[PDB]
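Chains as they are written, first to last, in this note's numbering: chain A, 275 to 322; chain B, -6 to 42; chain C, 11 to 93.
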Amino acid sequence: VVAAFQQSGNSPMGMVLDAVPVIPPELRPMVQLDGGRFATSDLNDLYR
Amino acid sequence: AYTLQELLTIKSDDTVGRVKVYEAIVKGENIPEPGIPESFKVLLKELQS
Amino acid sequence: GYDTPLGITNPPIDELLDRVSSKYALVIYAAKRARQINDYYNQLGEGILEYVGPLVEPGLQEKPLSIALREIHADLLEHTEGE
């Protein structure tokens, strides 16, 4: 494991995040029902 | 090979590819080579997440 | 030494293989010439005659690929191998 780390030329600091990204809005399409309800992918729920 | 490339890229996903090939066929110009399928770009922009 | 065929199968396949190294090379070796012929037709109105037109006299509105295949059978083209 350590030799893989060393050869990668990277640093382990990539295992602690400070800024998660969010996919575009279309990938998580937002859907309006007859009553305009939010029933699209819950990705919006988790980001909320 | 080229037939599979067309079937997977130039006639199913690539928007600009479809527009350009349709215009070339309408005219006498040769069909331009396909581009990057939308599937691959979506996979990228999703795995970068 | 056989009855002359009709349709897209003329010229035959075995004759062409005698020229080209392999059938996989022949398809590109003819498609590129067809592309050059189409480009020459496109510039027929005005331009430079660098892409010399058909060598064998064409028929009545024949597809460029047919012309390329029928002239390759005449051994009138030279090509370089991969790169």
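Beta carbons are placed, not taken as given, at the ideal position from N, Cα and C, and that holds for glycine.
Under the assumption that residue i contacts residue j (Cβ atoms under 8 Å), give the Cβ distance between them as a whole number of angstroms.
i: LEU75 (chain C); j: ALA40 (chain C); result: 7 Å
i: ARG43 (chain C); j: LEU87 (chain C); result: 6 Å
i: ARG302 (chain A); j: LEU317 (chain A); result: 4 Å
i: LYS38 (chain B); j: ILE297 (chain A); result: 7 Å
Quick one: Cα of residue i to Cα of residue j, how far?
i: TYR51 (chain C); j: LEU59 (chain C); result: 10 Å
i: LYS34 (chain B); j: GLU(-1) (chain B); result: 17 Å
i: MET287 (chain A); j: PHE279 (chain A); result: 11 Å
i: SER285 (chain A); j: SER42 (chain B); result: 20 Å
i: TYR15 (chain B); j: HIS89 (chain C); result: 31 Å
i: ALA17 (chain B); j: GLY283 (chain A); result: 47 Å
i: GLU26 (chain B); j: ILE3 (chain B); result: 8 Å
i: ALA35 (chain C); j: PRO299 (chain A); result: 46 Å
i: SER5 (chain B); j: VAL276 (chain A); result: 45 Å
i: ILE24 (chain B); j: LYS13 (chain B); result: 8 Å
Considering only C-alpha positions, which residue in the set the options is nearest to residue i?
i: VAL305 (chain A); options: A:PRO299, A:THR314, A:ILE297 and A:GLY283; result: A:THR314
i: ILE18 (chain C); options: C:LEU79, C:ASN48 and C:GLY57; result: C:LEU79
i: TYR(-5) (chain B); options: C:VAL30, C:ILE38 and C:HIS89; result: C:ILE38
i: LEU40 (chain B); options: A:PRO295, A:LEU320, A:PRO299 and A:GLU300; result: A:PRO295
i: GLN53 (chain C); options: B:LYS38, B:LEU(-3), B:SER32 and B:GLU22; result: B:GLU22
i: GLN46 (chain C); options: C:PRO68, C:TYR61 and C:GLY92; result: C:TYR61
i: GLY92 (chain C); options: C:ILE23, C:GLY57 and C:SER32; result: C:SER32
Kindly list the residues whose CB is nearer than 7 Å to the CB of residue i, restricted to its own chain and excluding five residues on each side of it in sequence; keep chain order.
i: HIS83 (chain C); result: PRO21, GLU25 and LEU26
i: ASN48 (chain C); result: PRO74
i: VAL30 (chain C); result: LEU36 and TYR39
I'd like the list of long-range same chain contacts for residue i, defined as Cβ closer than 6 Å, with 5 residues on each side in sequence excluded.
i: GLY28 (chain B); result: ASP7 and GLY10
i: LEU65 (chain C); result: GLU81 and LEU86
i: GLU31 (chain B); result: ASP6
Check whether the Cβ of residue i lies closer than 8 Å to any heavy atom of the ligand FAD, and answer yes or no.
i: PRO286 (chain A); result: By its list of ligands, the structure shown contains no ligand whatsoever, and the ligand FAD lies outside what it can speak to.
Take residue i and list the residues in its own chain whose beta-carbon comes closer than 8 Å to its own, dropping the five residues that flank it on each side.
i: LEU1 (chain B); result: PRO30
Would the stretch 11 to 20 of chain C count as touching the stretch 295 to 312 of chain A if we require 3 or more Cβ pairs under 8 Å? With a cut-off of 8 Å on Cβ pairs, the stretch 11 to 20 of chain C is not in contact with the stretch 295 to 312 of chain A, counting fewer than three such pairs.
At a CB distance below 7 Å, what residues from the stretch 16 to 38 of chain B approach chain F? Give them in sequence order. The structure shown contains no chain F; its protein chains are A, B and C.
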